[PDB]
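*Asks:* Could you have a look at this structure, given as structure tokens, before my questions?
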Amino acid sequence: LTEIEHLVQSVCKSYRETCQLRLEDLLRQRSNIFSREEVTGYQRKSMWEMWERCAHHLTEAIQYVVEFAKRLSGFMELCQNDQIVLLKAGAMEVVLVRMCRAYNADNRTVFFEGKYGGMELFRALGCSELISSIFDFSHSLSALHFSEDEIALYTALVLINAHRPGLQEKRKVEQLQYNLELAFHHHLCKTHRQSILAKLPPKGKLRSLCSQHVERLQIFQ
Ligand SMILES: CNC(=O)[C@@H]1CCCN1S(=O)(=O)c1ccc(Cl)c(COc2cccc3c(-n4ccnc4)cc(C(F)(F)F)nc23)c1Cl
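Under the deposited numbering, think of the first position of the sequence shown as 267, with each following residue one higher.
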């Protein structure tokens, strides 16, 4: 009881403290859309330049997720090895989930460098299939109309995953995961939102999208 509802409020607080982007700013900026000439500007950048600027933005978003982990009940009590394994496996997946907040399903645009643009803005990356899959993924997640509280609890579980290969204190991650699931399940049951569980994307889907070009990021500043 009591303890579960306390865990729920602690995870929702850690999340709100560690957002890269205030929801109210993303929503207010939805009318601020890149011009054709601004899009053409992005489409003529070199593949290298466009990967450099996307790598920089991904790194910045990852730092806010590392701060989420630091503030998450139980995380900083796991062994250093397991903290590193969970972040390395989970941090980019949490960025991908956080990005459905910055996605406008009404015109299929995403917040990027101060305005909203469609997937054709990212043409110079030369990975149009991946961009289209990230847009498709965000479209599907946007459709759950997550509360900030639901996003907090869901992203806590994306991170605290006792099946990540290379964990050394597997039983201690399982104990923290189990408490987070009881927290998530209790919140959804109480709000009558338990139908969203069957709509959450498979873990293999988050993996493949978030890791398809990991080796490449190393060569960007
Ligand atoms: C919304 N505001 C922001 O500042 C966002 C939050 C997250 C990143 N920034 S953003 O710059 O504006 C930004 C906003 C929208 C878009 Cl669609 C991109 C582009 O996305 C990606 C492009 C290329 C590769 C991506 C990739 N990846 C890396 C290695 N293998 C896969 C993973 C991811 C993902 F994070 F997992 F989704 N996105 C990727 C960026 Cl960068």
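Even for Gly, the Cβ is constructed at its ideal location relative to N, Cα and C.
At what residues does the beta strand (DSSP E) containing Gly-470 begin and finish?
*Replies:* Counting from one through the sequence shown, the residue named residue 470 turns up at place 204. Counting along the chain, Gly-470 falls outside any beta strand (DSSP E), though it belongs to the alpha helix (DSSP H) covering 469-477.
*Asks:* Any heavy atom of ligand 1 inside 7 Å of the beta-carbon of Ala-357?
*Replies:* Here residue 357 refers to the residue found at position 91 when the sequence shown is read from its first residue. Not so, every heavy atom of ligand 1 lies at least 7 Å from the Cβ.
*Asks:* Just tell me which of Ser-474, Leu-410, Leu-425 has its CA closest to the CA of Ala-464.
*Replies:* To locate residue 464, count along the sequence shown from 1; it is residue 198. The shortest C-alpha separation from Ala-464 is found at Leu-410.
*Asks:* Counting C-beta neighbours from all protein chains within 10 Å, is the total for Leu-267 16 or more, i.e. buried, or is it exposed?
*Replies:* Stepping through the sequence shown from its first residue, residue 267 is reached at position 1. Exposed, since its Cβ has fewer than 16 Cβ neighbours within 10 Å.
*Asks:* Can you tell me the Cβ-Cβ gap for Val-274 and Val-363, rounded? I've got them flagged as a contact below 8 Å.
*Replies:* Walking along the sequence shown from the start, residue 274 turns up at place 8. Walking along the sequence shown from the start, residue 363 turns up at place 97. So it is not a contact: roughly 18 Å between Cβ atoms.
*Asks:* Specify, as a first and last residue, the run of the alpha helix (DSSP H) that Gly-356 falls within.
*Replies:* Position 90 of the sequence shown holds residue 356. 346-364 is the extent of the alpha helix (DSSP H) around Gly-356.
*Asks:* How about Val-361 and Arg-430: are their beta carbons less than 8 Å apart?
*Replies:* Taking the first residue of the sequence shown as 1, we reach residue 361 at position 95. Taking the first residue of the sequence shown as 1, we reach residue 430 at position 164. Result no, Cβ atoms of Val-361 and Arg-430 do not sit closer than 8 Å.
*Asks:* Where do the ends of the beta strand (DSSP E) carrying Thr-375 lie?
*Replies:* As a position in the sequence shown, residue 375 is number 109, starting the count at 1. Counting along the chain, the beta strand (DSSP E) containing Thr-375 begins and ends at 375-378.
*Asks:* Mark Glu-359 as exposed unless 16 or more other C-beta atoms lie within 10 angstroms of its C-beta, in which case mark it buried.
*Replies:* By one-based count along the sequence shown, residue 359 stands at place 93. Flag for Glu-359 reads buried.
*Asks:* If you drop the 5 nearest sequence neighbours on each side, which residues of the same chain put their C-beta closer than 6 Å to that of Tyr-369?
*Replies:* Locating residue 369 in the sequence shown gives position 103, counting from the first residue. So the qualifying residues of the chain are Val-376, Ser-404, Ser-408.
*Asks:* Buried or exposed for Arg-367, please, with buried defined as at least 16 other CB atoms from any protein chain shown within 10 angstroms of its CB.
*Replies:* The sequence position of residue 367 within the sequence shown is 101, counting from 1. Buried, since its Cβ has 16 or more Cβ neighbours within 10 Å.
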